[PDB]
Each structure stands twice: as C-alpha cells, then as structure tokens.
Amino acid sequence: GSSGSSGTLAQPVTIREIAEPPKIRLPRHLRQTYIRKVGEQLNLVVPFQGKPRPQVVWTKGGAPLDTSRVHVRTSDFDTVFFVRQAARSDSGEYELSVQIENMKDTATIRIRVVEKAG
C-alpha cells in the first residue's frame, strides 16, 4: 500500500545547554523615580536569577561605571550598588544587563538626586 510519514537525514548537533535563563528581578521600590538627597549614601540591591553563573553588567546610559570612586559589591547571589555621596550629577539612568553563556538580559533604573533643603 502507501503510508504517510515525515523525516530527513542529517547528523545531530551536540552543544552544551544552559541550566537557568537570566532574569533581572526588579523590586517595586525601583519601579519608580528613585528620589534621594545629596550627600546621602545610595543603596540598590537588584537580585538576578540564572545559571550556572549569570554575569552582572553595570552601565550608565551606555558606558560602564568609572569603577574608581563607586563601590560595587556583586555577589553570586545578587548584586549591590552603593555610593559615598549621591551628587546631583549622578542623577541619571542605570542600565543593568545579565550576561549568560548563550543568553542575555537587560534592565533600566531611574535615579533622581535632590539637594537638601535649608
């Protein structure tokens, strides 16, 4: 008779697979113009998920942090951002992207600095 079926011949593809995809868990306190005062110390904890070890990239508009005066303590678990004094200048947008074997993620953060009142 005549049966029906699909299929083709072609060597398989062997390639390592990812354990867990990158995910930038943004808190509710970051989903809004971060209002802060000048001089005060900044503290931002943006947790990230993924495996085996998701990289953490920090950029301000497109360029990486000067990493000269800023103290960025990234932990396998989550990353942490802090600053001695929040100068009105700092006020901008912090983009956080997670690098992975064959995956990548991005995120935006709004930061606003206001001069103390007197």
# chains A, B, ... in the order shown; residues from 1 in each chain; ligands from 1
call {"tool": "residues_around", "arguments": {"residues": "residue 60 in chain A", "least_positions_apart": "6", "cutoff": "10 Å", "atoms": "only C-alpha atoms", "output": "PyMOL selection string"}}
result
chain A and resi 66+90+92-96+108-109
call {"tool": "residues_around", "arguments": {"residues": "range 40-51 of chain A", "least_positions_apart": "5", "cutoff": "9 Å", "atoms": "only C-alpha atoms", "output": "JSON, numbers by chain"}}
result
{"A": [18, 19, 20, 21, 22, 23, 24, 25, 26, 27, 30, 56, 77, 78, 79, 80, 81, 82, 83, 84, 85, 86, 87, 96, 98, 100]}
call {"tool": "select_by_dssp", "arguments": {"residues": "chain A", "states": "strand (DSSP E or B)", "output": "PyMOL selection string"}}
result
chain A and resi 20-24+34-37+42-51+55-61+63-64+71-74+78-83+92-99+104-105+108-114
call {"tool": "closest_residue", "arguments": {"among": "A:8, A:14, A:75, A:89", "to": "residue 112 in chain A", "atoms": "only C-alpha atoms"}}
result
A:89
call {"tool": "closest_residue", "arguments": {"among": "A:5, A:74, A:91, A:68", "to": "residue 33 in chain A", "atoms": "only C-alpha atoms"}}
result
A:91
call {"tool": "residues_around", "arguments": {"residues": "residue 115 in chain A", "least_positions_apart": "6", "cutoff": "10 Å", "atoms": "only C-alpha atoms", "output": "list in words"}}
result
residues 36, 37, 38, 39, 86, 87 and 88 of chain A
call {"tool": "atom_distance", "arguments": {"atom1": "CA of residue 32 in chain A", "atom2": "CA of residue 62 in chain A"}}
result
20.4 Å
